[PDB]
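Coordinates as given in final.txt (compact mmCIF, C-alpha atoms):
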# COMPACT_ATOMS: atom_id res chain seq x y z
CA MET A 1 101.24 80.43 105.54
CA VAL A 2 102.28 83.98 106.41
CA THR A 3 100.26 86.03 108.90
CA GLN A 4 98.82 89.47 108.28
CA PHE A 5 98.81 91.89 111.21
CA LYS A 6 95.96 94.32 111.77
CA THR A 7 97.72 97.04 113.76
CA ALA A 8 101.03 98.86 113.78
CA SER A 9 100.97 97.64 117.37
CA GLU A 10 100.97 94.01 116.20
CA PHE A 11 103.89 94.73 113.89
CA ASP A 12 105.73 96.82 116.49
CA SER A 13 105.44 94.13 119.17
CA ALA A 14 106.65 91.50 116.71
CA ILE A 15 109.62 93.40 115.35
CA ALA A 16 110.59 94.50 118.88
CA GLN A 17 111.23 90.90 119.81
CA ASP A 18 114.75 89.45 119.97
CA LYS A 19 113.81 87.36 116.98
CA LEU A 20 113.82 87.79 113.22
CA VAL A 21 110.52 89.31 112.14
CA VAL A 22 110.15 89.98 108.45
CA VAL A 23 106.93 91.81 107.66
CA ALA A 24 105.87 92.83 104.13
CA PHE A 25 103.64 95.76 103.36
CA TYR A 26 101.13 94.71 100.72
CA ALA A 27 98.12 95.98 98.86
CA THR A 28 95.18 94.62 96.89
CA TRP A 29 96.05 96.87 93.94
CA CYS A 30 99.46 95.46 92.96
CA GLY A 31 100.76 92.78 90.63
CA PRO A 32 104.28 92.23 92.13
CA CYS A 33 102.80 91.46 95.53
CA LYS A 34 100.82 88.72 93.83
CA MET A 35 103.80 86.84 92.32
CA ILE A 36 106.01 86.94 95.41
CA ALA A 37 102.95 86.13 97.51
CA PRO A 38 103.08 82.37 96.58
CA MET A 39 106.89 82.55 96.57
CA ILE A 40 107.19 84.04 100.05
CA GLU A 41 104.46 81.56 100.97
CA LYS A 42 107.03 78.84 100.34
CA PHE A 43 109.89 80.75 101.93
CA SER A 44 107.75 81.34 104.98
CA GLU A 45 107.22 77.62 105.11
CA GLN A 46 111.00 77.23 105.22
CA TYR A 47 111.48 79.57 108.20
CA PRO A 48 111.24 77.44 111.38
CA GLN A 49 112.95 79.85 113.79
CA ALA A 50 112.19 83.04 111.89
CA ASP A 51 108.77 84.43 111.18
CA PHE A 52 107.13 85.78 108.07
CA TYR A 53 104.30 88.29 108.07
CA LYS A 54 102.72 90.38 105.32
CA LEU A 55 100.49 93.39 106.04
CA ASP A 56 97.86 95.27 104.03
CA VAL A 57 99.35 98.75 103.63
CA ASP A 58 95.86 100.19 103.04
CA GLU A 59 95.09 99.31 106.64
CA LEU A 60 98.67 99.65 107.83
CA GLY A 61 99.30 102.98 106.17
CA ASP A 62 100.48 104.89 109.21
CA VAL A 63 103.00 102.19 110.16
CA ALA A 64 104.13 102.08 106.54
CA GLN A 65 104.72 105.83 106.75
CA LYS A 66 106.73 105.33 109.92
CA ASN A 67 109.04 103.06 107.99
CA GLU A 68 108.80 105.42 104.98
CA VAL A 69 107.47 102.63 102.78
CA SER A 70 106.99 103.86 99.22
CA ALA A 71 106.98 100.51 97.42
CA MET A 72 104.73 97.46 97.28
CA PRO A 73 105.56 95.04 98.59
CA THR A 74 108.29 96.13 100.98
CA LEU A 75 110.24 93.49 102.89
CA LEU A 76 111.81 94.55 106.14
CA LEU A 77 113.17 92.07 108.61
CA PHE A 78 113.47 93.54 112.05
CA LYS A 79 115.48 92.50 115.07
CA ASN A 80 114.88 93.89 118.57
CA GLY A 81 113.16 96.81 116.86
CA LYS A 82 116.58 97.88 115.62
CA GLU A 83 116.06 96.18 112.28
CA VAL A 84 118.27 93.56 110.66
CA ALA A 85 117.85 94.20 106.93
CA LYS A 86 115.89 96.23 104.43
CA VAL A 87 114.65 95.33 100.96
CA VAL A 88 112.19 97.49 99.11
CA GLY A 89 111.03 96.63 95.61
CA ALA A 90 109.06 93.38 95.30
CA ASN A 91 111.64 90.83 96.40
CA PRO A 92 110.72 87.14 96.17
CA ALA A 93 114.32 86.14 95.46
CA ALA A 94 116.00 89.12 97.12
CA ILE A 95 114.05 88.38 100.29
CA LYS A 96 116.33 85.38 100.50
CA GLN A 97 119.19 87.89 100.47
CA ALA A 98 118.00 89.50 103.69
CA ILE A 99 116.17 86.50 104.95
CA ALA A 100 118.92 83.94 104.67
CA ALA A 101 121.71 86.29 105.68
CA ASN A 102 119.89 87.53 108.78
CA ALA A 103 117.20 85.00 109.86
In structure tokens, how does this file's structure come out?
Amino acid sequence: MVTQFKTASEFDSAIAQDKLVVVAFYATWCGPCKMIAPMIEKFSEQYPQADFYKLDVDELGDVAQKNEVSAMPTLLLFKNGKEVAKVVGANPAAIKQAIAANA
């Protein structure tokens, strides 16, 4: 299963690591987040050395604004806090683009 952070701090400390951290900003008021939610569930099962997280943008609004997130969900894999890839428009399959190329 994929973890949901509760603070920008949790996200920041994850993405600042020398590891692949892909967090996805979510919301309870979206349909696309629903469909990729079981998909990324699987994909997050297939990441042994990389980590999948998905946040609730209604709680993580400020952090979302930091990363100028204007879509739901938004998939950003970070590396050493310098990022590694960016996908932004409900990407269950396109996550694999960033996720497989970087992670």
Nearby residues (all atoms listed in the file) at most 12 Å from residue 95 (chain A), same-chain spacing under 3 positions excluded, as a VMD selection string: chain A and resid 22 to 24 36 to 37 39 to 44 52 73 to 77 85 to 92 98 to 103
Write to file, as an mmCIF file, in the frame of the given file, the residues of the selection just made, with C-alpha atoms.
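Output (selection00.cif):
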data_model
loop_
_atom_site.group_PDB
_atom_site.id
_atom_site.type_symbol
_atom_site.label_atom_id
_atom_site.label_comp_id
_atom_site.auth_asym_id
_atom_site.auth_seq_id
_atom_site.Cartn_x
_atom_site.Cartn_y
_atom_site.Cartn_z
ATOM 1 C CA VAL A 22 110.150 89.980 108.450
ATOM 2 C CA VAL A 23 106.930 91.810 107.660
ATOM 3 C CA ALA A 24 105.870 92.830 104.130
ATOM 4 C CA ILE A 36 106.010 86.940 95.410
ATOM 5 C CA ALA A 37 102.950 86.130 97.510
ATOM 6 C CA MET A 39 106.890 82.550 96.570
ATOM 7 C CA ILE A 40 107.190 84.040 100.050
ATOM 8 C CA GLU A 41 104.460 81.560 100.970
ATOM 9 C CA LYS A 42 107.030 78.840 100.340
ATOM 10 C CA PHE A 43 109.890 80.750 101.930
ATOM 11 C CA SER A 44 107.750 81.340 104.980
ATOM 12 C CA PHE A 52 107.130 85.780 108.070
ATOM 13 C CA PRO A 73 105.560 95.040 98.590
ATOM 14 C CA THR A 74 108.290 96.130 100.980
ATOM 15 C CA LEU A 75 110.240 93.490 102.890
ATOM 16 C CA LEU A 76 111.810 94.550 106.140
ATOM 17 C CA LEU A 77 113.170 92.070 108.610
ATOM 18 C CA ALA A 85 117.850 94.200 106.930
ATOM 19 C CA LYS A 86 115.890 96.230 104.430
ATOM 20 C CA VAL A 87 114.650 95.330 100.960
ATOM 21 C CA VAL A 88 112.190 97.490 99.110
ATOM 22 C CA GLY A 89 111.030 96.630 95.610
ATOM 23 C CA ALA A 90 109.060 93.380 95.300
ATOM 24 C CA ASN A 91 111.640 90.830 96.400
ATOM 25 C CA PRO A 92 110.720 87.140 96.170
ATOM 26 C CA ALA A 98 118.000 89.500 103.690
ATOM 27 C CA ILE A 99 116.170 86.500 104.950
ATOM 28 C CA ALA A 100 118.920 83.940 104.670
ATOM 29 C CA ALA A 101 121.710 86.290 105.680
ATOM 30 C CA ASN A 102 119.890 87.530 108.780
ATOM 31 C CA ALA A 103 117.200 85.000 109.860
#
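Counting all atoms listed in the file and comparing A:61, A:38, A:31, A:81, the residue that lies closest to residue 8 (chain A) is A:61.
Among the candidate residues A:3, A:54, A:11, A:80, the one lying nearest to residue 33 (chain A) is A:54, with distances computed using only C-alpha atoms.
The interatomic distance for the pair CA of residue 21 (chain A) and CA of residue 83 (chain A) works out to 8.8 Å.
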Nearest residue to residue 34 (chain A) from the set A:97, A:84, A:78, A:72 (distances using all atoms listed in the file):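 Closest residue, counting all atoms listed in the file: A:72.
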Judged by all atoms listed in the file, the minimum distance to residue 48 (chain A) among A:60, A:1, A:94, A:12 is found for A:1
Which is closest to residue 69 (chain A) among A:18, A:25, A:53, A:2, if we use all atoms listed in the file? A:25
With distances taken over all atoms listed in the file, which residue among A:15, A:50, A:71, A:93 lies nearest residue 27 (chain A)?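 Closest residue, counting all atoms listed in the file: A:71.
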One decimal place gives the CA of residue 70 (chain A)-CA of residue 47 (chain A) separation as 26.3 Å
I'd like the interatomic distance between CA of residue 45 (chain A) and CA of residue 20 (chain A), to a tenth of an Å.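 Separating CA of residue 45 (chain A) from CA of residue 20 (chain A) is a distance of 14.6 Å.
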